[PDB]
Structures are given as structure tokens and as C-alpha cells.
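Following: one structure in C-alpha cells, then a few remarks.
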Amino acid sequence: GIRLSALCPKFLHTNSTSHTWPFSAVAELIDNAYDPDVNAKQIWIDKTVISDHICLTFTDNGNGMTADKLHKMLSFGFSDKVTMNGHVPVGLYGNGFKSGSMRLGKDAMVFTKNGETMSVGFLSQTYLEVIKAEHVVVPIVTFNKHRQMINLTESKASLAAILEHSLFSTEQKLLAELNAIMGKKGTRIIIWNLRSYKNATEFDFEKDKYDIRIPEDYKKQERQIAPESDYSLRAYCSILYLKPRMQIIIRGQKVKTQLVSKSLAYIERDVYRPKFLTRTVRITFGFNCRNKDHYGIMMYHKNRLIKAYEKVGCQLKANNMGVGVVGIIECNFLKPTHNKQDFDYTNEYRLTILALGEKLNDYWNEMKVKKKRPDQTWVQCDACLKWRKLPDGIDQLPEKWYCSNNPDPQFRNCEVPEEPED
Amino acid sequence: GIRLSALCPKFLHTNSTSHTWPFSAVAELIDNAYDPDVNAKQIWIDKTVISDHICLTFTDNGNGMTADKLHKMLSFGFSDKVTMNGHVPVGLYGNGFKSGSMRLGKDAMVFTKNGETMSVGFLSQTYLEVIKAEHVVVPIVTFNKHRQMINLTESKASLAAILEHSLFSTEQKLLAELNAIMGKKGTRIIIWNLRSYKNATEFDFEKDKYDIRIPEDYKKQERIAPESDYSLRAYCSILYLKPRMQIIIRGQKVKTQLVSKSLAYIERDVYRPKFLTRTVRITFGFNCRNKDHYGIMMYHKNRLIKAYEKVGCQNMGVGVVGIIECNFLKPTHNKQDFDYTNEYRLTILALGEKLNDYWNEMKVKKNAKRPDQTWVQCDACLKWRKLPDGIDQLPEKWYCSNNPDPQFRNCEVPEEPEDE
Amino acid sequence: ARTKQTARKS
Amino acid sequence: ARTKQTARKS
Ligand SMILES: Nc1ncnc2c1ncn2[C@@H]1O[C@H](COP(=O)(O)OP(=O)(O)NP(=O)(O)O)[C@@H](O)[C@H]1O
Ligand SMILES: Nc1ncnc2c1ncn2[C@@H]1O[C@H](COP(=O)(O)OP(=O)(O)NP(=O)(O)O)[C@@H](O)[C@H]1O
Ligand SMILES: [Mg+2]
Ligand SMILES: [Mg+2]
Ligand SMILES: [Zn+2]
Ligand SMILES: [Zn+2]
């Protein structure tokens, strides 16, 4: 007889507010793909246009979801991920898709295939405002591996809802996006109605077409000359994971993970042994040669980057000391905050910080003394003979390929003029 | 046939995660009280023990809630606050109570009286783990002015649960709390199962019985520490630019700072951004007293979001304080910062220039008790019982039975030594 | 009722 | 099917 707690549509905006830097939101989406339940090898992050709307897409060749699983995904607080074979999931909070998408845009759509069924979910503020819902409802539609509808009562309503208020006005439009997931399994997330200032999306797609970038008016708030990670998605993704297991392809072009050994010079390894912990924690210190002024600690949690370039020890004390020193550590013990761009400011965190400085200071004192893009790929439509640009990371195409089966929305029929090469 | 998004009890924790400084959570609570829909004139924040559990209580003499309103208060994303007579609500997001309570403690309860009905509401993680709820369900119980349960189906179920898993075993125990709101209207929030590291609650109550404090082992992440970082009282003083409400902590009222008597060589400056129709005033002064804490003070809708932000000259400039209010900016999830937008950026940039101007112009001239405690005597003990400040008036005589302070509600309870 | 006042000292 | 290749230039 007791009442359920309820979600206002207004909340969807609220959950977003933690993300003050857009990449944090993006990172959450990536994280969802990386995590062992999904297990995707590659995720493709793209900018495109649909129905006259600029969109952000995240597509992955991971496991996909049951229609039920999708609901949790579109619900708050549900997370059931467990480490598999040393592959530790990043996500435990149950909020990341929701906080992230919504930071990125007002409306979002999810298509997934688990190889037994295919489902579509809607999470739109615009929708919710328009029908003046008092509750967050997430429509979902489901199919049987033949383009046959099932779970009919829900789908029927949901579909009507989607068709009317969604970007995709017809089943055909829906299926295309479903179709853009090439494998038997995977998920495509489309986000539209992105945030804008003065009639321009907050993101800059123009300055570089192989990146998603934050325009200069760019320094993240904490910093005083900006490392790349702050304004280039690609640059960021390079360092996103300590030991990558997934391929991040942005704008059709692969992302090349940095390696420390290439990355750092004079490498030394140090250990952290606080009383409160039963296990040792390794650290690596190096001098940063490529950059000359990106330095500080890099803190990883569960193999993900929480914060970077965190100054410590002497570096804090004066600008003059400590330069070019870079530290890498992983703290599973610490707890990520809401946006996952920091840690809860506990005693243990403070202690950890305190140590890093001492250790880094130790390092600096000893060693002070001592001192290209890959080719694009194209496919040729077997009907019209046109050449269509393709994105990296595709293991194998089908024998015959047509403009109509293009995952890219913008070039999906052969009427469309062929793209110039660079 | 469309489904609703669902809430998992686990989410309740998650929502807390944006508060990295506990006072942010507390502040959220105070705000709800300050807001013109509640319109309380006093809020009492207290530490007490109940049922062997240390508790934090927030109690206010305000309008209180209808039972339905309580549901929303326990639901996410509902807010309908509007300005009244130039009293502008801080509330916007419909989330602050949940994040704050939960940041503060695992389990919480709300007692509210609107003067027509009185109701009790429950949010506990502990409760939910125990019944293994797959949904966040918030029990609520409601009574008539005559203390007659009035929404039975919900109320009986709610009551059984509350009584079973709650801190308060018996109705009598609930109604005591209900009766701690002296007025016809008001609200009392009790939080228990407070966060503890090692074996001790996160807060330090021992160091000052008149403050709620963070233990030294304290400075916030961002930066010698201003008191506001570590003392709730100090923080509360500067919390509102123009106070409308009285905050009483640990039974001792809080003294609001006044810019006059706080700053010297005061001057006014203005910000006239391109993106705003209206002008925005700024006040600059040097810091008398400590003169290690300086910066912009940023207030939004009359509340303080950031303190001692350093601008211009981060050394080169010191002891300078600027006060500004930016309603245009948008607060962050925890309301300890603004969204980092071009406008925020422009503003920061401007403040430093403006401040820089201030230093140079002035720069030359410069280079050249607690209130008494109150007690009431019980008329059936003759014992003396401590009283919090801020009470306008009392009933003709007072008995230990009607003590709001949970700890001294028994005549049989030894009297408390007065301060040595 | 009967109210008495006492000093609070740090 | 057929697959060309090409330079991507900064
Ligand atoms: N790309 C995806 N493929 C398959 N399942 C997904 C995908 N993204 C999300 N999900 C599912 O939806 C759930 C919601 O994700 P999310 O909002 O990130 O919560 P979480 O990842 O479980 N925990 P957290 O990320 O720390 O907030 C996940 O736990 C997955 O089960
Ligand atoms: N002390 C109180 N007295 C009366 N009503 C309250 C009190 N606390 C909460 N409420 C009600 O419950 C709701 C809780 O809102 P809250 O969770 O504080 O977010 P909000 O204040 O509405 N805006 P924000 O705080 O920015 O999320 C408020 O709208 C009030 O309607
Ligand atoms: Mg995630
Ligand atoms: Mg509020
Ligand atoms: Zn073609
Ligand atoms: Zn008595």
C-alpha cells in the first residue's frame, strides 16, 4: 500500500548537472561499452545529421541488451556488472548513461541487438515536455529477429510514441539505425538536440573533422596552458584507459593509444603502502619529453582515468620546481564522484595525495641531476559505382555492398553525390 | 502500456556522490527551510542521540507539507517554488533533500505539520536493503489535527514498516518528534546512520558543543583554512547575503556577518556584460581581521556558492574581498559551483580585471562573546532544562515530557551542569 | 514558565 | 567488395 518514489521529467536535466566538462559525459558512454558485460572491441563515436538534426552517435559491437535489460538502462540505479577474467567493470553507480546523455542533448535513442531480439528505447525530455508527462516514461519497442514485433501491448504504444515524437518518423527509419549495427550484436545510441550557445553546438566539429573539439572562446576549470585532453576528444581518449581493451574510433578515424615507454623517459617505479590497505600499490614516475609542460599525476581507477595532470609535492609549492614530471597510479581503493572526474575527498584520498607528492619529490631530487593519420578507406557501391567513405576498425565487409546499406546516415542512397577525398 | 523509468534503492547513494564537502549537503537542507514556500524564520540544527543512534536534526517553524507534498519531497525532480514578494527561491532542481540527506546519513525521516494535518515520511537505504526492495518506496503516515490516521491504506502499511524498521518503535515515539515542532506548523528532519570513518561519525561534536565541525587530522579540495571550511557556524554566517532566517546550531543562534564591520576601504563596481540586459553590482573591500582569506564571494539567488575564489592576481594581491551575486549563472549539482560556461568564464575574467583595478587604486592608502544560555524549569521535577535560542514564547508551564530535546524528555533525567 | 539565563563559555 | 584507400590530411 506504500507509495513508490517518483521521477519527474525535470530530473533528467538535473542528473546532468554534475558534468561541467562535456567529455565527462562522453566518457561515461564509452565506459558503458568497455565494461565487461558489453564486451565491445570497438566503439565508434560519430557526428552526423538526421532529419535535419545534428546528432552524436555511439555505436558498439558489444553484446547488446534484452528488452528488459534496456529498461534498467533507461532506469535509474540499476547496475549488475561483475569482473570477468580480470576485466573489471568501471560502472557501479547505475547512473552514467542517464547523466551523460542528458548532458549531451535533450533527447536520446537506443537501439540494441543481442542476437536474439532487437529493441529500441526512447529517453527524451522534448517528448516528455510535449505530452506533459508527470512521470518519466521510457518507451521501448521489441522484435523477434525477424522484423516482427513482440511484447505487443508495450511496443504498440511505444512505437506510436516513437514514430510521432522521435527523429525517426517511420518504421523504416528506425530499422535503418538498427541496421547500422553491422554485427549480430551491438548497440547504437543516437543523441540529438545537443546543447548550444548562440545557435551553435557547444562542440566544434569544423576545426578538425577527425575530432570532436571544444571551441576556444580552452582550459578546464582546474588548470595554465591547455593539454590536449581538455579540448580534443581524440587526445583524451588516448589516455582514457591504462590498458586498453577496446578500440575507440572517432569520426571514422582510429584512436591511437599512447604508451608510456614511448611516452616517458627516465622511468622509475615506486610503491605505495598505506596502513589502511592490505595490498601494495605500484606507481610510475617519468619525465615528459613530447609535451615539455603537461605534467603531474595521472590517477586511474579500475583502469580508467579519473584525473590527470594533478600537481603534487613541490610542483604545488612553486611553479619553478618539479616540471615535466608525470606520475601514474591506480587507486581502486578511492571512490569516484558523480561525474567520475574526481574522487570523494576522504582522509584516504588526502593521504594518497600527500604521499604522491613526497614520492614525486623524492624522484625529482634524484633525477634532476641526469639531464601522421592513417589512410582512409572507401567502399564502392555495387549498384551506382560511387565511392563511400568508411570507418576504421571494421574487420570484414560483406561480399556485395550498396549505398542503401550504409551505416552512415548521410550517404545512404546513391542519389547522393560522392564525397571528395582530401 | 508504456513503462515508467524505475528507481533502485541503490540510486539513493549515487545521488549523494556530488557532495564532497558535507556542509554542502547541510546547506541544501537549510535552503529548503529558507525557501519562500516553507518560509521558516528559524531553523534549528542539532545533534542528539536516539535509540542508541547519533542523529542530526533539522527543525523549522515553517508551513510544512500536505501529505502529497511530502511524497514529492521524497520523489525526484519535483519543484514548484516561486518568488514571493521578492523572496526568491533557491530551489530549482527537485533533488536537494535526497542528495543531502543521503550524503549525510543512510536513513532519514521527515515529520511535518501544516496546521491542518500532520504527516511522517521515511527514506532509508537501510530499510530498503532489509526488505530487499527493488524499488524505492517511501512510507508515509498521515493524521488529522486530532491525531486520527486519515489515509488508512497507505498509512497502516506505512506505519507498520516505519515502526518495524524505524528508529522509533512505537507510535508514541513518533508522536514525540511530531511534538517537537512547537508551532502549529513546521518540520523536523531526523537523520541517523551517519557516515562514519573508523568508528566515529564524520563530524566532530566533541571539540565544540556549540558547533558541528570537521575534524582536523581541514581545508577543502580547492586550496591555511577559512573557518567556513571546517566550522558549520562560521559557514552559516556567510551563507546568505541578506539573511531572512535565523539559523541556530547546537542551540546557539548564528550571528550573521555584516559587510560593514567586516571590510574596509569599501568601494562599488559594476559589471555590464554584453549578454545581460541588467547591470550587476560588485562590492570590494580589504579584509580586516584575518587577512588570509580573500577572494570573490559568489552568491546566487542570495545564497553563497563559492568563497574566496581568487581572481586577477592569484604574492601580488591579497586581503581583497569582492562580493557578487550572479543569478544568470547556473549552479552545479551540489550548488558549490557554477556550470563552466563561457558566461561563467567571462565573469571570472571580468572580476579579476575589476579587482585588479581596485587594488591599484586603493592599494596605496592601505600600505600607508557568546550569548547566554536559557533554561526552563520543569514544574514536576523542579529540574532545569537547557533551551535553544530563538524561541519567542512558551506555554504557561513546562514539563520534561514536552521537551523537544530528545535526551531530556524524562523528569528522571539528571540535570545538566551549566557551563564551567 | 520559569526561565533562567546562564553564560556560555567557549 | 572493392576497397580503396586514401590520405587523410590534417
Ligand atoms: N552500450 C551498452 N550496451 C549494452 N548494455 C548497455 C550499454 N550501455 C548501458 N548498458 C546497460 O545499461 C546499464 C546502465 O548503464 P549506466 O547508466 O552506465 O549504469 P552503470 O554503467 O551500470 N553504472 P555507472 O556507469 O557507474 O553509472 C548498464 O549497467 C548496462 O547493463
Ligand atoms: N523543510 C521543508 N519544509 C517544507 N517543505 C519542504 C521542506 N523540505 C523539502 N520540502 C519540500 O520538498 C521539496 C524538496 O525539494 P528539494 O529536494 O530541496 O529540492 P528543491 O529545493 O525543490 N530544489 P533543489 O533543492 O535545488 O533541488 C521542496 O520542493 C519542498 O516542496
Ligand atoms: Mg557508465
Ligand atoms: Mg533547496
Ligand atoms: Zn549507390
Ligand atoms: Zn520534568
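Following Swiss-Prot, chain A residues are numbered 8-224, 234-239, 242-389, 404-454, in order.
Using N, Cα and C of the backbone, Cβ positions are placed for all residues, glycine too.
Positions annotated as SUMO2 cross-link by Swiss-Prot, on the basis of similarity to another entry: A:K191 (among others). In sequence order, A:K120, A:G122 make up the list of same-chain residues 6 or more apart from A:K191 (SUMO2 cross-link) whose Cβ falls under 8 Å from its Cβ.
According to Swiss-Prot, the feature SUMO2 cross-link maps to A:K205 (among others), an assignment based on similarity to another entry. Take the CB of A:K205 (SUMO2 cross-link) and look out to 10 A: across all protein chains shown you find 6 other CB atoms.
Secondary structure from DSSP puts A:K280 (SUMO2 cross-link) in a helix. For A:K280 (among others), the entry in Swiss-Prot reads SUMO2 cross-link, with the evidence type similarity to another entry.
Residues or ranges marked as SUMO2 cross-link in Swiss-Prot (evidence: similarity to another entry): A:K293 (among others). A:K293 (SUMO2 cross-link) falls outside any helix or strand according to DSSP and counts as coil.
Residues 239, 245, 247, 257, 260, 278, 281-282, 290, 294-295, 299-307, 309-320, 361-362, 364, 366-367, 370-371, 374-379, 381-382 of the same chain lie 6+ residues outside the region 'Nuclear matrix binding' (A:326-353) yet bring a C-beta within less than 8 angstroms of a C-beta in it. The region 'Nuclear matrix binding' annotation in Swiss-Prot covers A:326-353, and the record cites similarity to another entry as its basis.
The zinc finger annotation in Swiss-Prot covers A:404-454.
Residues within less than 8 Å, Cβ to Cβ, of A:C416 (Zn(2+) binding site) and separated from it by at least 6 positions along the same chain comprise A:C435, A:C446. Annotation source Swiss-Prot lists Zn(2+) binding site at A:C413, A:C416, A:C435, A:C446.
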| query | How many other Cβ atoms are found within 10 Å of the Cβ atom of A:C435 (Zn(2+) binding site), counting all protein chains shown? | reply | 22
| field | Unmodelled stretch of 14 residues - C-alpha distance in Å from A:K389 to A:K404 | value | 29
| note | Same-chain neighbours of the Zn(2+) site, Cβ within 8 Å of the mean position of the Cβ atoms of A:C413, A:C416, A:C435, A:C446 and not counting those residues, run in sequence order as A:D414, A:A415, A:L417, A:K418, A:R420, A:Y434, A:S436, A:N445, A:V448
| note | Cα-Cα, A:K205 (SUMO2 cross-link) versus A:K293 (SUMO2 cross-link), nearest Å, comes out at 53
| task | Please name the residue among the binding-site residues A:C413, A:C446 whose C-beta has the most neighbouring C-beta atoms within 10 angstroms. | result | A:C413
| remark: Should one count Cβ atoms within 10 Å of each candidate's Cβ, the recorded sites A:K280, A:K293 would be headed by A:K280
| query | Since the deposited structure skips 9 residues after A:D224 and picks up again at A:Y234, how long is the Cα gap in Å? | reply | 7
